[PDB]
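Working notes, structure below.
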DNA sequence: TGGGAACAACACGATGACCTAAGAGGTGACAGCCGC
DNA sequence: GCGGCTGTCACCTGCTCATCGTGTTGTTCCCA
Ligand SMILES: [Zn+2]
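Residue numbers (UniProt numbering), protein chains in the order written: chain A, 1204 to 1251; chain B, 16 to 1131; chain C, 819 to 866; chain D, 7 to 145; chain E, 290 to 433; chain F, 99 to 124.
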């Protein structure tokens, strides 16, 4: 998700489809795409 | 003329040439287009004086272009001939009010002939209503005024470029022949010492191939190219031999997947580069290639011949060989050298006449195509010139240009100067020219040839720096499209009034002095060293007899708007550029006063614009109301000038006009009878003179902010009138017709109490947000008419009205008084677009007083928002008690490096308190009395020429002799400073302050428009997100940089709330509002709809994108 | 000042703004101003 | 929302997503401004254009909820389904995906060793290619 | 180097269950209509998404191919139609990769389904990272 | 040509349906 | 509701035969194709 | 089999609107 968001969306998504590689929610960018509390600041599970 | 108001000028030298018409560049060009009587007068006048003029009008030769047209066999033919114009159906004001185009019918004599029979049949054909330009230079289209801005383009011709292969560190040369309309042939050398042609931007081939694709053979090639290694090497590398194989291989490379044939290749070559129809190297291009390659007098309306290509080869290979001079192919002695792309021989101006010529050419080409279709499809003996001509292509082409082109755009009617300088631009970004990103640097940078032709200083402050420019004050567009500037012929070192107009290329062969060069009673030069601007932008003094030309004026280089600025040489070019840019955003004010200190340029700038009502002929004034001026001419006629009163502009200002003459005055032709907005006595007045003291003040004018007294609010010094139109249309939907009815469904009596019997609001009424400007009702709404509702209504016995209330209402945040109403209808003769029955345009006017938030500025880029408005007592005051009007921080002046506003301030104070320096026998006084500015009554307006202005010493000396007010009181000391008092404590300030009068402009950046707010409103279609734009009540783009900021803070919940609840979460958007209005916790966010559309989109791209849980499929 | 094509004019501007630049002095001085304005315009996006 | 994966979309997967087949190259009637049938913007395969309505009008009444109409084939439910409901089209001649082939080199396939020009020729019906040889029987 | 480059893709397909047969398409899915809407513009006009034009092209050529197959047309005609259908789906997925782009109303290129994901204005970089928001305002700034 | 000239209103411009046309239900 | 007339559908296939203009980006990274 | 170079893929940036080729059928209107 983060790599597709940054650059080379076609190449990144094609490689991800070939590899059948899944994305885990962990990350900042890829957690603002889905619209979730970022894993930083006060959004950490400790503070949640 | 001699009737201009009084203004005292400090000029020490006399310019022998006055600034020509500031709109000649447009009106003369369009006179050439139509070829009307003014253009014929110009042609004969130029011929008498032995100048260079275009003897062939624009449309004449355009009809000549499409003159001969025949069918396959040419059994019949159609030709066009003398064209002429019928007077316009409507006048300019009629067009403006009734939403028409100011156009004149165009009629030509189209002749049809059957060559086999020899019959000829003539018939006059309606070629359409050609739009005309107003006297100003604007065009009226569809009810609105528009300007067609001239385009700065690369001129057609042959360009010889050079560069360096950086990997190999090797010289490379290139040649390129540009046509007006055809295609290019890029020819590169020295790649491997191998010359290669590139036809139509295809893959490159050796020269010898293409040169063999014509009559030239190997023996002759070696005969007249027997000295240069590169092309011998290419010939050795050449494999194809003979002509026919050459045509076949060029056909193969240009046109793959096609049978190689001699006929096809010959036809392709002839059609592409040697056909007078497809390929056009116009007289501009013909002249450029004749002068560069030295080719002597080819067909002046010709296309590239063999000789042109062989001459390009000779020139390029001689560039390779290191030759610098030679004899051009069949001509004179040329110099072998590489040329630039920014120089003003390699750039030209496509004016409005030539632009409309190009568009008419396309329209006539499509008309010719349809005529050919009807010529071959139909039969003789029933064909007349009308029978096969379809003029709709031409009409639609002209409408395409005047409605969609980037070079034809709405007039900037902020004030007379903005409109005037909109009509002197030399645009580059547009069709047939550069682009925003393609443009590099050397185009965006001022060239030594820009001097006197393009303005260095006036330029946009954004992406368009260097692209959009402005013609200099003395620029003259040549026939070919190059700019020319005047120069006095310095003959054996003695100056003369013989002015010659030179272009950049003829300018780069002469030595040019300066207008301010010292000169004696006899015109011979005084000092031995006379500085001169020599070729290549190389200033280098010479003896004087050596000198050959001199600048006609010391403000020849500057434009009009930048010439407004007094003391321009005391400012860095950055702030002069900003000031000239922002002077165009000045709102016009109710009462306008020309600047107390200004240039000798407001009068001519306002007179050569079109907002100042002038006198057509001498006479005497008869009747002077506010609305009209009737004058009895000396030739026995009468003229009644109707004056515009509070008419909305393109930008929402007012074009109120005020009379200048009383009912006994003897008029002369050209004299000003009324003044337009932002004008006083026919002199531009974009702002007002305010008394300013340079000082910090309690941190209110900190960081460029501004403080001004409440006097300017009471007196309405900086007030304006702004008009807003609210147009509404009554449609005819499927369920019936819409009607403008006063009886709006289910409303209280007070809302429509201020509505006319016909449903429209009453003129003069004052309106607030939510007021029904125009009452309208939908015929009905298919909301609830299902069988259930039908049964309910049948049992009720009352057929509840199903009409929708679509009443026009004032947009939220606007107020004013209804200044006007206009109603167009279908039942009457008023035209309307298909579908609309009625069109109601209501004008609401409002008065804006200067408030905290507005933006003021001066003529030196010294702009700042308004932070505080003080009571008149709180503001510092001088000794006799007068408060100052505005307070400006002195920090900005040296740091921003514009120490011309202080000079303006000093001269403004000096002019307000007039001086008397007659007979002092001092140098400054001696200069001022020989000029004639020694004695000046208080309040007199002074002129500061932009390079011959007041001296610093004179300002200081005069300050000592400023007529006193109370006894000998001269509040301002020779130091330029006065002793002030603290209006909030009363104690005198510790040190003197610098005070005086400066011209402050109110800019069109108005605080009311910018204030944009939102809680909920219109979302977008694909993404369920708030929409943009203020009029949509939009939201604020929370870019990704802001997401980074909130992530850096660690603000997790805030970012989640404002990425989902504040946008793009339908359920969240509804429930947050419900919880707040009812009062409850804001609900937890959900899944953005943007994510849903993303996954659906990339699913449609055939990617099995499934939101998976660790135990299965995670909730969508 | 920076001459055209990023060179150094041999003859300088022998006058401050208070004294008043000449015609050719101002025309030469605008080169660097234009160049700096364009440079800033591009460098904003470059840094972004 | 533990993870999000993407792979290749089979024919069966695409058929499983869809609810009907787009058969006509028609969007709406220019006159009556309504969806057509078995074309783009259709209402039988996608969702109803109006909340709680159907194409013909027998179930234009809002009372019905989730049933399938008996004449036009449009089920009665919310009108937002058109944002979510998908369709498919069955091709007659299979075609290659311009991403997985004729794309960036590292992702250009390479499962079948072939130069870009060879695939340019094969895919766009300009050259033949052998999919099978009976080498044992040939020998 | 070439061997390991190819081994990357071969191992990618080998290790995973997703078969390479998905790289050739026999069915094309259609994005839901509301994501590619057409709306009545005043004056009797219609503003429609480019995806509608591309879907129309592919359906046109698919139906013409089906007809040609039914009539038993010669090899040349069916080959030309199949090539055209290939190019149509190629334009549907990426308009600019091969050949000239399919322009829409003006000379500008049409929008491909993959052109809606990439670029500065794509979905990711214009609608999922940065959004216009509610409860927001702006105005000029003055010093207090 | 017949199919083109009849009611030529469908302009495939995504710069008005997405940005300028808002959702009817807000 | 009669004739008088406008659009949407259709079915065929008028002795003659080819585009059009527009069009100056720049800089990396790399893997092929062609040459040794 | 291993180089050059040579393209090709990434990034960086922004209101007008021109017709055929004939002839016929059926519905759907417009008038009365
Ligand atoms: Zn139904």
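A virtual CB, placed ideally from N, CA and C, is assigned to each residue, including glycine.
Query	Result
Bridge-paired residues (DSSP) for residue 703 of chain B	B/1015
Cβ-heavy atom distance, residue 795 of chain B to ligand 1, below 7 Å	no
Residue-level contact to chain E via CB, residue 1129 of chain B, 8 Å cutoff	no
Sequence-distant residues of its chain with Cβ nearer than 7 Å to residue 180 of chain B (five each side left out)	187
Delimiting residues of the alpha helix (DSSP H) encompassing residue 233 of chain B	233-239
Residues passing the C-beta test against ligand 1 heavy atoms, cut-off 6 Å	D/60, D/61, D/62, D/64, D/65, D/75, D/77, D/78, D/80
Residue 1088 of chain B and residue 120 of chain F closer than 8 Å at C-beta	no
Under 7 Å by beta carbon: chain B residues contacting residue 49 of chain D	Within 7 Å Cβ-Cβ: nothing; residue 49 of chain D doesn't reach chain B, min ~18 Å.
Alpha-carbon to alpha-carbon, residue 323 of chain B and residue 330 of chain B	10 Å
Contacts around residue 137 of chain B, its chain only, beta-carbon distance under 7 Å, and the 5 residues preceding and following it disregarded	124, 126
Neighbourhood of residue 73 of chain D by C-beta, 6 Å cutoff - its chain only, sequence neighbours within 5 removed	82
According to DSSP, residues forming a beta bridge with residue 469 of chain B	B/486
Per-residue DSSP class, three states only, for residue 783 of chain B	coil
8 Å Cβ cutoff met for residue 917 of chain B and residue 990 of chain B	no
Run of the beta strand (DSSP E) containing residue 174 of chain B, from where it starts to where it stops	172-180
Residue of B/995, B/900, B/966 minimising C-alpha distance to residue 733 of chain B	B/900
Residue 275 of chain B beta carbon less than 8 Å from that of residue 267 of chain B	yes
Counterpart residues of residue 327 of chain E in DSSP-defined beta bridges	E/337
Coil, strand or helix - residue 419 of chain B by DSSP	helix
Element boundaries [beta strand (DSSP E), containing residue 810 of chain B]	It is not in any beta strand (DSSP E) - residue 810 of chain B instead sits in the alpha helix (DSSP H) that spans 802-811.
Cβ pair count under 8 Å reaching 3, the stretch 876-889 of chain B against the stretch 1107-1127 of chain B	no
Proximal chain A residues relative to residue 107 of chain D, where beta-carbon distance stays under 8 Å	Here the premise fails: no neighbours, minimum Cβ distance about 10 Å.
Entirely enclosed beta strand (DSSP E) segments - the stretch 1210-1246 of chain A, minimum 3 residues	1225-1227
Residue burial classification, residue 412 of chain B (beta-carbon count within 10 angstroms, cutoff 16)	buried
Residues, ordered as in the chain, of the stretch 1099-1121 of chain B that lie near chain E by beta-carbon distance below 9 Å	1103, 1105, 1106, 1108, 1109, 1111, 1112, 1113, 1114, 1115, 1116, 1117, 1119
Residues that residue 746 of chain B bridges to, as DSSP identifies them	BP columns for residue 746 of chain B are empty, so no partner.
Test: residue 7 of chain D CB closer than 8 Å to a CB of chain A	yes
Within 8 Å, strictly: CB atoms of residue 209 of chain B and residue 332 of chain B	no
Residue-chain proximity (residue 412 of chain E, chain B), Cβ-Cβ < 8 Å	yes
8 Å Cβ cutoff met for residue 705 of chain B and residue 1013 of chain B	yes
8 Å Cβ cutoff met for residue 8 of chain B and residue 590 of chain B	Coverage of chain B is limited to positions 16 through 1131, which leaves residue 8 of chain B absent and any answer about it impossible.
Nearest residue (CA-CA) to residue 200 of chain B, options B/230, B/604, B/319	B/319
Residue 105 of chain F burial status per 10 Å Cβ neighbour count (16 or more: buried)	exposed
Length at least 4, wholly inside the stretch 554-593 of chain B: the alpha helix (DSSP H) runs in chain order	none
Chain B contact for residue 819 of chain C (CB, 8 Å cutoff)	no
For residue 341 of chain B, the residue or residues it bridges with in DSSP	B/349
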